[PDB]
Structure formats: structure tokens, C-alpha cells
$ cat my_file-v4.txt   # compact mmCIF, N, CA and C atoms
# COMPACT_ATOMS: atom_id res chain seq x y z
N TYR A 1 13.53 1.29 -20.75
CA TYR A 1 14.78 0.56 -20.94
C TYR A 1 14.57 -0.86 -20.45
N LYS A 2 14.59 -1.81 -21.39
CA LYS A 2 14.38 -3.24 -21.15
C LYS A 2 13.03 -3.51 -20.48
N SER A 3 11.99 -2.88 -21.03
CA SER A 3 10.58 -3.05 -20.64
C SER A 3 10.33 -2.71 -19.17
N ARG A 4 10.99 -1.67 -18.69
CA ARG A 4 10.76 -1.14 -17.36
C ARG A 4 10.78 0.38 -17.42
N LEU A 5 9.79 1.00 -16.79
CA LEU A 5 9.67 2.45 -16.78
C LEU A 5 10.77 3.08 -15.93
N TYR A 6 11.59 3.92 -16.55
CA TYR A 6 12.58 4.71 -15.83
C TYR A 6 12.13 6.16 -15.78
N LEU A 7 12.91 6.97 -15.06
CA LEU A 7 12.76 8.42 -15.06
C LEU A 7 14.13 9.05 -15.02
N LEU A 8 14.35 10.07 -15.84
CA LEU A 8 15.54 10.89 -15.77
C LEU A 8 15.12 12.32 -15.49
N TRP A 9 15.86 12.99 -14.61
CA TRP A 9 15.61 14.41 -14.38
C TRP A 9 16.91 15.10 -14.01
N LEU A 10 17.05 16.33 -14.49
CA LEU A 10 18.25 17.12 -14.28
C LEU A 10 18.04 18.04 -13.08
N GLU A 11 18.91 17.92 -12.09
CA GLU A 11 18.89 18.79 -10.92
C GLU A 11 20.05 19.77 -10.99
N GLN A 12 19.81 21.00 -10.54
CA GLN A 12 20.91 21.94 -10.35
C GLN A 12 21.22 22.00 -8.87
N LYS A 13 22.43 22.44 -8.54
CA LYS A 13 22.82 22.73 -7.17
C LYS A 13 23.56 24.06 -7.15
N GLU A 14 23.04 25.00 -6.38
CA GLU A 14 23.61 26.35 -6.31
C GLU A 14 24.81 26.32 -5.38
N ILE A 15 26.00 26.40 -5.96
CA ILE A 15 27.24 26.41 -5.20
C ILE A 15 27.80 27.83 -5.22
N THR A 16 28.85 28.04 -4.44
CA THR A 16 29.47 29.35 -4.29
C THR A 16 30.94 29.26 -4.68
N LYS A 17 31.29 29.89 -5.80
CA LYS A 17 32.68 29.99 -6.23
C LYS A 17 33.31 31.26 -5.68
N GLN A 18 34.64 31.31 -5.73
CA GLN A 18 35.39 32.42 -5.16
C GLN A 18 36.36 32.98 -6.19
N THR A 19 36.56 34.30 -6.14
CA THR A 19 37.57 34.97 -6.95
C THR A 19 38.37 35.95 -6.10
N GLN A 20 36.05 37.93 -2.52
CA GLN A 20 34.66 38.04 -2.92
C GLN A 20 34.13 36.70 -3.43
N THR A 21 32.81 36.56 -3.43
CA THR A 21 32.16 35.30 -3.79
C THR A 21 31.18 35.53 -4.93
N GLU A 22 30.99 34.48 -5.72
CA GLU A 22 29.98 34.47 -6.78
C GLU A 22 29.18 33.19 -6.66
N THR A 23 28.01 33.17 -7.31
CA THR A 23 27.12 32.02 -7.28
C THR A 23 27.27 31.24 -8.59
N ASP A 24 27.68 29.99 -8.48
CA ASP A 24 27.81 29.06 -9.59
C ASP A 24 26.74 27.98 -9.44
N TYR A 25 26.52 27.21 -10.50
CA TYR A 25 25.53 26.15 -10.48
C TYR A 25 26.17 24.84 -10.94
N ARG A 26 25.78 23.76 -10.28
CA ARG A 26 26.31 22.43 -10.54
C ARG A 26 25.16 21.49 -10.88
N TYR A 27 25.29 20.77 -11.99
CA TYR A 27 24.21 19.97 -12.53
C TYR A 27 24.48 18.48 -12.33
N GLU A 28 23.43 17.74 -11.99
CA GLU A 28 23.49 16.30 -11.81
C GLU A 28 22.32 15.65 -12.53
N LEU A 29 22.55 14.45 -13.03
CA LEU A 29 21.52 13.67 -13.72
C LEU A 29 21.11 12.52 -12.82
N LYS A 30 19.82 12.47 -12.47
CA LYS A 30 19.29 11.43 -11.60
C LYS A 30 18.53 10.40 -12.42
N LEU A 31 18.37 9.21 -11.84
CA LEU A 31 17.77 8.08 -12.55
C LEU A 31 17.17 7.10 -11.55
N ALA A 32 15.86 6.88 -11.65
CA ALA A 32 15.16 5.94 -10.79
C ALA A 32 14.26 5.05 -11.63
N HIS A 33 13.97 3.86 -11.11
CA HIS A 33 13.10 2.91 -11.80
C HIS A 33 12.04 2.38 -10.85
N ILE A 34 11.03 1.75 -11.44
CA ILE A 34 9.90 1.18 -10.72
C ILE A 34 10.20 -0.29 -10.44
N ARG A 35 9.75 -0.77 -9.29
CA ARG A 35 9.96 -2.16 -8.90
C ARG A 35 8.73 -2.98 -9.28
N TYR A 36 8.68 -4.24 -8.83
CA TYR A 36 7.55 -5.09 -9.17
C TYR A 36 6.31 -4.78 -8.34
N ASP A 37 6.49 -4.27 -7.12
CA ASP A 37 5.38 -3.96 -6.24
C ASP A 37 4.90 -2.51 -6.37
N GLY A 38 5.22 -1.85 -7.48
CA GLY A 38 4.79 -0.49 -7.71
C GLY A 38 5.58 0.58 -6.99
N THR A 39 6.63 0.22 -6.27
CA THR A 39 7.47 1.20 -5.60
C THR A 39 8.64 1.59 -6.48
N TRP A 40 9.28 2.70 -6.13
CA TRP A 40 10.32 3.31 -6.94
C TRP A 40 11.66 3.24 -6.20
N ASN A 41 12.72 2.93 -6.95
CA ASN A 41 14.05 2.77 -6.38
C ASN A 41 14.65 4.15 -6.09
N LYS B 1 -48.12 -31.24 23.72
CA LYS B 1 -47.67 -31.07 22.35
C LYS B 1 -47.29 -29.63 22.07
N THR B 2 -48.02 -28.68 22.66
CA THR B 2 -47.70 -27.26 22.51
C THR B 2 -46.40 -26.92 23.22
N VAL B 3 -46.07 -27.64 24.30
CA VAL B 3 -44.82 -27.41 25.02
C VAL B 3 -43.62 -27.77 24.15
N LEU B 4 -43.68 -28.91 23.47
CA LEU B 4 -42.56 -29.34 22.64
C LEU B 4 -42.52 -28.62 21.29
N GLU B 5 -43.64 -28.07 20.82
CA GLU B 5 -43.61 -27.27 19.61
C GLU B 5 -43.01 -25.89 19.83
N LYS B 6 -43.11 -25.34 21.05
CA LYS B 6 -42.41 -24.10 21.35
C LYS B 6 -40.93 -24.36 21.61
N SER B 7 -40.58 -25.56 22.06
CA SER B 7 -39.17 -25.92 22.18
C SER B 7 -38.55 -26.20 20.81
N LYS B 8 -39.33 -26.78 19.89
CA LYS B 8 -38.85 -27.00 18.54
C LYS B 8 -38.69 -25.69 17.79
N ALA B 9 -39.62 -24.76 17.97
CA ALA B 9 -39.53 -23.46 17.31
C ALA B 9 -38.45 -22.57 17.91
N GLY B 10 -37.96 -22.90 19.10
CA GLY B 10 -36.87 -22.16 19.69
C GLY B 10 -35.51 -22.69 19.28
N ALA B 11 -35.40 -24.02 19.17
CA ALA B 11 -34.17 -24.62 18.68
C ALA B 11 -34.01 -24.43 17.18
N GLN B 12 -35.11 -24.21 16.45
CA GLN B 12 -35.02 -23.85 15.05
C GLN B 12 -34.46 -22.44 14.88
N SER B 13 -34.79 -21.55 15.82
CA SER B 13 -34.29 -20.18 15.75
C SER B 13 -32.81 -20.08 16.07
N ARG B 14 -32.26 -21.04 16.82
CA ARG B 14 -30.81 -21.08 17.02
C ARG B 14 -30.09 -21.75 15.86
N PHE B 15 -30.70 -22.78 15.28
CA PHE B 15 -30.11 -23.43 14.11
C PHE B 15 -30.13 -22.52 12.90
N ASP B 16 -31.12 -21.63 12.81
CA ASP B 16 -31.15 -20.66 11.73
C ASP B 16 -30.24 -19.47 12.01
N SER B 17 -29.98 -19.15 13.28
CA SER B 17 -29.12 -18.02 13.60
C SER B 17 -27.65 -18.39 13.45
N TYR B 18 -27.19 -19.42 14.18
CA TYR B 18 -25.80 -19.83 14.10
C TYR B 18 -25.45 -20.45 12.75
N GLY B 19 -26.43 -21.01 12.04
CA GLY B 19 -26.18 -21.46 10.69
C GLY B 19 -26.00 -20.32 9.72
N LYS B 20 -26.71 -19.21 9.94
CA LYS B 20 -26.50 -18.02 9.12
C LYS B 20 -25.17 -17.36 9.43
N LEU B 21 -24.73 -17.41 10.69
CA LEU B 21 -23.43 -16.87 11.06
C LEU B 21 -22.29 -17.74 10.57
N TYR B 22 -22.48 -19.06 10.53
CA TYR B 22 -21.43 -19.95 10.03
C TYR B 22 -21.30 -19.85 8.52
N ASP B 23 -22.43 -19.84 7.81
CA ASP B 23 -22.39 -19.75 6.35
C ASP B 23 -21.89 -18.39 5.90
N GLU B 24 -22.27 -17.33 6.61
CA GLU B 24 -21.79 -15.99 6.31
C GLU B 24 -20.72 -15.65 7.35
N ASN B 25 -19.49 -16.07 7.06
CA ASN B 25 -18.31 -15.54 7.71
C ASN B 25 -17.92 -14.24 7.00
N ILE B 26 -16.66 -13.83 7.14
CA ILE B 26 -16.13 -12.47 7.19
C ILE B 26 -16.85 -11.50 6.27
N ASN B 27 -17.40 -10.44 6.84
CA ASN B 27 -18.36 -9.61 6.13
C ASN B 27 -17.63 -8.51 5.37
N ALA B 28 -18.39 -7.53 4.87
CA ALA B 28 -17.78 -6.43 4.12
C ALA B 28 -16.99 -5.51 5.03
N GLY B 29 -17.33 -5.47 6.32
CA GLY B 29 -16.55 -4.67 7.25
C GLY B 29 -15.23 -5.33 7.62
N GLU B 30 -15.29 -6.58 8.08
CA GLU B 30 -14.10 -7.27 8.56
C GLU B 30 -13.14 -7.66 7.43
N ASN B 31 -13.59 -7.63 6.17
CA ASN B 31 -12.66 -7.74 5.06
C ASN B 31 -11.82 -6.48 4.92
N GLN B 32 -12.43 -5.31 5.15
CA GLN B 32 -11.70 -4.06 5.03
C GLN B 32 -10.76 -3.84 6.20
N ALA B 33 -11.03 -4.47 7.34
CA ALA B 33 -10.16 -4.31 8.50
C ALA B 33 -8.86 -5.08 8.32
N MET B 34 -8.92 -6.25 7.69
CA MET B 34 -7.71 -7.02 7.43
C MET B 34 -7.01 -6.60 6.14
N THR B 35 -7.71 -5.89 5.25
CA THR B 35 -7.06 -5.33 4.08
C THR B 35 -6.18 -4.14 4.46
N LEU B 36 -6.66 -3.33 5.41
CA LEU B 36 -5.88 -2.19 5.90
C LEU B 36 -4.66 -2.63 6.69
N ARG B 37 -4.74 -3.74 7.42
CA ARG B 37 -3.56 -4.21 8.13
C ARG B 37 -2.58 -4.90 7.19
N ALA B 38 -3.05 -5.34 6.03
CA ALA B 38 -2.15 -5.81 4.99
C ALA B 38 -1.55 -4.67 4.18
N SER B 39 -2.21 -3.51 4.16
CA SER B 39 -1.71 -2.34 3.44
C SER B 39 -0.83 -1.46 4.31
N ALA B 40 -1.01 -1.50 5.63
CA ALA B 40 -0.17 -0.72 6.54
C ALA B 40 1.22 -1.32 6.71
N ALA B 41 1.40 -2.59 6.36
CA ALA B 41 2.68 -3.26 6.49
C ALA B 41 3.34 -3.56 5.16
N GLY B 42 2.78 -3.10 4.05
CA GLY B 42 3.41 -3.26 2.76
C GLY B 42 4.21 -2.04 2.36
N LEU B 43 4.55 -1.21 3.34
CA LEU B 43 5.31 0.01 3.11
C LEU B 43 6.76 -0.10 3.53
N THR B 44 7.28 -1.32 3.70
CA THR B 44 8.65 -1.49 4.16
C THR B 44 9.65 -1.13 3.07
N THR B 45 9.41 -1.58 1.84
CA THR B 45 10.31 -1.28 0.74
C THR B 45 10.22 0.17 0.29
N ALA B 46 9.12 0.86 0.59
CA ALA B 46 8.95 2.24 0.17
C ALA B 46 9.57 3.23 1.15
N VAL B 47 9.45 2.97 2.45
CA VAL B 47 10.09 3.82 3.45
C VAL B 47 11.60 3.67 3.40
N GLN B 48 12.09 2.44 3.18
CA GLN B 48 13.52 2.19 3.10
C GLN B 48 14.16 2.87 1.89
$ encode --input "my_file-v4.txt" --output "C-alpha cells"
Amino acid sequence: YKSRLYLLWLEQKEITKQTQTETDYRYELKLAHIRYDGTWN
Amino acid sequence: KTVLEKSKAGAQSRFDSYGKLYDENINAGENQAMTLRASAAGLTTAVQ
């Protein structure tokens, strides 16, 4: 994106819903880019 | 004459020694010692 290497990755998070308890999952989209000195944001 | 030729050959050995040390400054070892101290402190933006 605009001549800079990005990364996207999908993370899950195991949460606990209630009705007794059940295991639900929550998804997030992460995004990081590379800087000029080779480090990552 | 032999006395001053041994003094000349001794002062030539210092002019060849310190001249070799002056012409050959920082060697392959001492370049790597200052490269590592430049690399150990370039991690500020990465740790943060």
C-alpha cells in the first residue's frame, strides 16, 4: 500500500459467553508496516 | 662511524614502526568493536 510493505493477520480470542458457560470466539484484524530503518510498527 | 650507524639503524626502526602504526589506523578488529556499539544502540525504535 503506497510502496510500503504491510502485513495483515487475523487473530481469534477465546471468550466465554453465558446462557452455565460456553466458549465463544472473537476475531480481530491486525495491521503493521515496516519503517525506514527496517523496524516494524 | 659504527656507533652512529647503529644509532641510525635504531631510529630507522622506530620511524618504520610508528609510521606503520600511523598509516595503519583502525584495524579489522577495532572496526568490529565500534560497529557492535553502533548496533547495540540502534534498538531504541524496536524495543519501544
$ interface_residues --input "my_file-v4.txt" --of "chain A" --to "chain B" --cutoff "9 Å" --atoms "only C-alpha atoms" --output "PyMOL selection string"
chain A and resi 37+39-41
$ atom_distance --input "my_file-v4.txt" --atom1 "atom N of residue 7 of chain A" --atom2 "atom CA of residue 34 of chain A"
7.8 Å
$ closest_residue --input "my_file-v4.txt" --among "A:11, A:1, A:17, A:6" --to "residue 32 of chain A" --atoms "only N, CA and C atoms"
A:6
$ atom_distance --input "my_file-v4.txt" --atom1 "atom CA of residue 33 of chain A" --atom2 "atom C of residue 3 of chain A"
9.7 Å
$ residues_around --input "my_file-v4.txt" --residues "residue 26 of chain A" --least-positions-apart "5" --cutoff "7 Å" --atoms "only C-alpha atoms" --output "MDAnalysis selection string"
chainID A and resid 12:15
$ axis_aligned_box --input "my_file-v4.txt" --around "segment 18-37 of chain B" --padding-each-side "8 Å" --output "AutoDock Vina command-line options"
--center_x -14.9 --center_y -11.8 --center_z 9.1 --size_x 40.6 --size_y 35.3 --size_z 26.1
$ select_by_dssp --input "my_file-v4.txt" --residues "chain A" --states "strand (DSSP E)" --output "PyMOL selection string"
chain A and resi 6-18+21-33
$ write_last_selection --input "my_file-v4.txt" --atoms "N, CA and C atoms" --output "short mmCIF file (atom, residue, chain, number, x, y, z; two decimals), keeping the file's coordinate frame"
data_model
loop_
_atom_site.label_atom_id
_atom_site.label_comp_id
_atom_site.auth_asym_id
_atom_site.auth_seq_id
_atom_site.Cartn_x
_atom_site.Cartn_y
_atom_site.Cartn_z
N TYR A 6 11.59 3.92 -16.55
CA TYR A 6 12.58 4.71 -15.83
C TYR A 6 12.13 6.16 -15.78
N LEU A 7 12.91 6.97 -15.06
CA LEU A 7 12.76 8.42 -15.06
C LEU A 7 14.13 9.05 -15.02
N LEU A 8 14.35 10.07 -15.84
CA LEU A 8 15.54 10.89 -15.77
C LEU A 8 15.12 12.32 -15.49
N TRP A 9 15.86 12.99 -14.61
CA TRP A 9 15.61 14.41 -14.38
C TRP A 9 16.91 15.10 -14.01
N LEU A 10 17.05 16.33 -14.49
CA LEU A 10 18.25 17.12 -14.28
C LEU A 10 18.04 18.04 -13.08
N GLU A 11 18.91 17.92 -12.09
CA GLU A 11 18.89 18.79 -10.92
C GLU A 11 20.05 19.77 -10.99
N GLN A 12 19.81 21.00 -10.54
CA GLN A 12 20.91 21.94 -10.35
C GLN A 12 21.22 22.00 -8.87
N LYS A 13 22.43 22.44 -8.54
CA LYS A 13 22.82 22.73 -7.17
C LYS A 13 23.56 24.06 -7.15
N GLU A 14 23.04 25.00 -6.38
CA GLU A 14 23.61 26.35 -6.31
C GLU A 14 24.81 26.32 -5.38
N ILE A 15 26.00 26.40 -5.96
CA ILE A 15 27.24 26.41 -5.20
C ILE A 15 27.80 27.83 -5.22
N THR A 16 28.85 28.04 -4.44
CA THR A 16 29.47 29.35 -4.29
C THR A 16 30.94 29.26 -4.68
N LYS A 17 31.29 29.89 -5.80
CA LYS A 17 32.68 29.99 -6.23
C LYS A 17 33.31 31.26 -5.68
N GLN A 18 34.64 31.31 -5.73
CA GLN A 18 35.39 32.42 -5.16
C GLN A 18 36.36 32.98 -6.19
N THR A 21 32.81 36.56 -3.43
CA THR A 21 32.16 35.30 -3.79
C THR A 21 31.18 35.53 -4.93
N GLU A 22 30.99 34.48 -5.72
CA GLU A 22 29.98 34.47 -6.78
C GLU A 22 29.18 33.19 -6.66
N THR A 23 28.01 33.17 -7.31
CA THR A 23 27.12 32.02 -7.28
C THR A 23 27.27 31.24 -8.59
N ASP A 24 27.68 29.99 -8.48
CA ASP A 24 27.81 29.06 -9.59
C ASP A 24 26.74 27.98 -9.44
N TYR A 25 26.52 27.21 -10.50
CA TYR A 25 25.53 26.15 -10.48
C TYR A 25 26.17 24.84 -10.94
N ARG A 26 25.78 23.76 -10.28
CA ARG A 26 26.31 22.43 -10.54
C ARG A 26 25.16 21.49 -10.88
N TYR A 27 25.29 20.77 -11.99
CA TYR A 27 24.21 19.97 -12.53
C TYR A 27 24.48 18.48 -12.33
N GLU A 28 23.43 17.74 -11.99
CA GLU A 28 23.49 16.30 -11.81
C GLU A 28 22.32 15.65 -12.53
N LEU A 29 22.55 14.45 -13.03
CA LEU A 29 21.52 13.67 -13.72
C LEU A 29 21.11 12.52 -12.82
N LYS A 30 19.82 12.47 -12.47
CA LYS A 30 19.29 11.43 -11.60
C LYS A 30 18.53 10.40 -12.42
N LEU A 31 18.37 9.21 -11.84
CA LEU A 31 17.77 8.08 -12.55
C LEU A 31 17.17 7.10 -11.55
N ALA A 32 15.86 6.88 -11.65
CA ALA A 32 15.16 5.94 -10.79
C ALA A 32 14.26 5.05 -11.63
N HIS A 33 13.97 3.86 -11.11
CA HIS A 33 13.10 2.91 -11.80
C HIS A 33 12.04 2.38 -10.85
#
$ atom_distance --input "my_file-v4.txt" --atom1 "atom CA of residue 27 of chain A" --atom2 "atom CA of residue 9 of chain A"
10.4 Å
$ select_by_dssp --input "my_file-v4.txt" --residues "chain B" --states "helix (DSSP H, G or I)" --output "PyMOL selection string"
chain B and resi 2-23+28-39+44-47
$ build_atoms --input "my_file-v4.txt" --residues "segment 29-47 of chain B" --atoms "N, CA, C and O atoms" --output "PDB file, keeping the file's coordinate frame"
ATOM      1  N   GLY B  29     -17.330  -5.470   6.320  1.00  0.00           N
ATOM      2  CA  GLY B  29     -16.550  -4.670   7.250  1.00  0.00           C
ATOM      3  C   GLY B  29     -15.230  -5.330   7.620  1.00  0.00           C
ATOM      4  O   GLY B  29     -14.163  -4.731   7.477  1.00  0.00           O
ATOM      5  N   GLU B  30     -15.290  -6.580   8.080  1.00  0.00           N
ATOM      6  CA  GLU B  30     -14.100  -7.270   8.560  1.00  0.00           C
ATOM      7  C   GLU B  30     -13.140  -7.660   7.430  1.00  0.00           C
ATOM      8  O   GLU B  30     -11.989  -7.992   7.708  1.00  0.00           O
ATOM      9  N   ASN B  31     -13.590  -7.630   6.170  1.00  0.00           N
ATOM     10  CA  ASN B  31     -12.660  -7.740   5.060  1.00  0.00           C
ATOM     11  C   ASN B  31     -11.820  -6.480   4.920  1.00  0.00           C
ATOM     12  O   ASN B  31     -10.626  -6.545   4.614  1.00  0.00           O
ATOM     13  N   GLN B  32     -12.430  -5.310   5.150  1.00  0.00           N
ATOM     14  CA  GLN B  32     -11.700  -4.060   5.030  1.00  0.00           C
ATOM     15  C   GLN B  32     -10.760  -3.840   6.200  1.00  0.00           C
ATOM     16  O   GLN B  32      -9.792  -3.081   6.086  1.00  0.00           O
ATOM     17  N   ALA B  33     -11.030  -4.470   7.340  1.00  0.00           N
ATOM     18  CA  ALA B  33     -10.160  -4.310   8.500  1.00  0.00           C
ATOM     19  C   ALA B  33      -8.860  -5.080   8.320  1.00  0.00           C
ATOM     20  O   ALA B  33      -7.799  -4.622   8.761  1.00  0.00           O
ATOM     21  N   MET B  34      -8.920  -6.250   7.690  1.00  0.00           N
ATOM     22  CA  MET B  34      -7.710  -7.020   7.430  1.00  0.00           C
ATOM     23  C   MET B  34      -7.010  -6.600   6.140  1.00  0.00           C
ATOM     24  O   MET B  34      -5.840  -6.936   5.952  1.00  0.00           O
ATOM     25  N   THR B  35      -7.710  -5.890   5.250  1.00  0.00           N
ATOM     26  CA  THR B  35      -7.060  -5.330   4.080  1.00  0.00           C
ATOM     27  C   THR B  35      -6.180  -4.140   4.460  1.00  0.00           C
ATOM     28  O   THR B  35      -5.077  -3.971   3.936  1.00  0.00           O
ATOM     29  N   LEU B  36      -6.660  -3.330   5.410  1.00  0.00           N
ATOM     30  CA  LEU B  36      -5.880  -2.190   5.900  1.00  0.00           C
ATOM     31  C   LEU B  36      -4.660  -2.630   6.690  1.00  0.00           C
ATOM     32  O   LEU B  36      -3.624  -1.950   6.641  1.00  0.00           O
ATOM     33  N   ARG B  37      -4.740  -3.740   7.420  1.00  0.00           N
ATOM     34  CA  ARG B  37      -3.560  -4.210   8.130  1.00  0.00           C
ATOM     35  C   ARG B  37      -2.580  -4.900   7.190  1.00  0.00           C
ATOM     36  O   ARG B  37      -1.398  -5.031   7.523  1.00  0.00           O
ATOM     37  N   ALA B  38      -3.050  -5.340   6.030  1.00  0.00           N
ATOM     38  CA  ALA B  38      -2.150  -5.810   4.990  1.00  0.00           C
ATOM     39  C   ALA B  38      -1.550  -4.670   4.180  1.00  0.00           C
ATOM     40  O   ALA B  38      -0.494  -4.840   3.569  1.00  0.00           O
ATOM     41  N   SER B  39      -2.210  -3.510   4.160  1.00  0.00           N
ATOM     42  CA  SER B  39      -1.710  -2.340   3.440  1.00  0.00           C
ATOM     43  C   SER B  39      -0.830  -1.460   4.310  1.00  0.00           C
ATOM     44  O   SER B  39       0.025  -0.744   3.781  1.00  0.00           O
ATOM     45  N   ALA B  40      -1.010  -1.500   5.630  1.00  0.00           N
ATOM     46  CA  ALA B  40      -0.170  -0.720   6.540  1.00  0.00           C
ATOM     47  C   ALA B  40       1.220  -1.320   6.710  1.00  0.00           C
ATOM     48  O   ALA B  40       2.121  -0.618   7.176  1.00  0.00           O
ATOM     49  N   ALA B  41       1.400  -2.590   6.360  1.00  0.00           N
ATOM     50  CA  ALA B  41       2.680  -3.260   6.490  1.00  0.00           C
ATOM     51  C   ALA B  41       3.340  -3.560   5.160  1.00  0.00           C
ATOM     52  O   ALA B  41       4.384  -4.231   5.138  1.00  0.00           O
ATOM     53  N   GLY B  42       2.780  -3.100   4.050  1.00  0.00           N
ATOM     54  CA  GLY B  42       3.410  -3.260   2.760  1.00  0.00           C
ATOM     55  C   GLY B  42       4.210  -2.040   2.360  1.00  0.00           C
ATOM     56  O   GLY B  42       4.512  -1.849   1.177  1.00  0.00           O
ATOM     57  N   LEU B  43       4.550  -1.210   3.340  1.00  0.00           N
ATOM     58  CA  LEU B  43       5.310   0.010   3.110  1.00  0.00           C
ATOM     59  C   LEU B  43       6.760  -0.100   3.530  1.00  0.00           C
ATOM     60  O   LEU B  43       7.427   0.919   3.702  1.00  0.00           O
ATOM     61  N   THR B  44       7.280  -1.320   3.700  1.00  0.00           N
ATOM     62  CA  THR B  44       8.650  -1.490   4.160  1.00  0.00           C
ATOM     63  C   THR B  44       9.650  -1.130   3.070  1.00  0.00           C
ATOM     64  O   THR B  44      10.627  -0.413   3.334  1.00  0.00           O
ATOM     65  N   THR B  45       9.410  -1.580   1.840  1.00  0.00           N
ATOM     66  CA  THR B  45      10.310  -1.280   0.740  1.00  0.00           C
ATOM     67  C   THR B  45      10.220   0.170   0.290  1.00  0.00           C
ATOM     68  O   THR B  45      11.163   0.671  -0.335  1.00  0.00           O
ATOM     69  N   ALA B  46       9.120   0.860   0.590  1.00  0.00           N
ATOM     70  CA  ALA B  46       8.950   2.240   0.170  1.00  0.00           C
ATOM     71  C   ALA B  46       9.570   3.230   1.150  1.00  0.00           C
ATOM     72  O   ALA B  46      10.152   4.233   0.724  1.00  0.00           O
ATOM     73  N   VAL B  47       9.450   2.970   2.450  1.00  0.00           N
ATOM     74  CA  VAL B  47      10.090   3.820   3.450  1.00  0.00           C
ATOM     75  C   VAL B  47      11.600   3.670   3.400  1.00  0.00           C
ATOM     76  O   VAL B  47      12.343   4.659   3.508  1.00  0.00           O
TER      77      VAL B  47
END
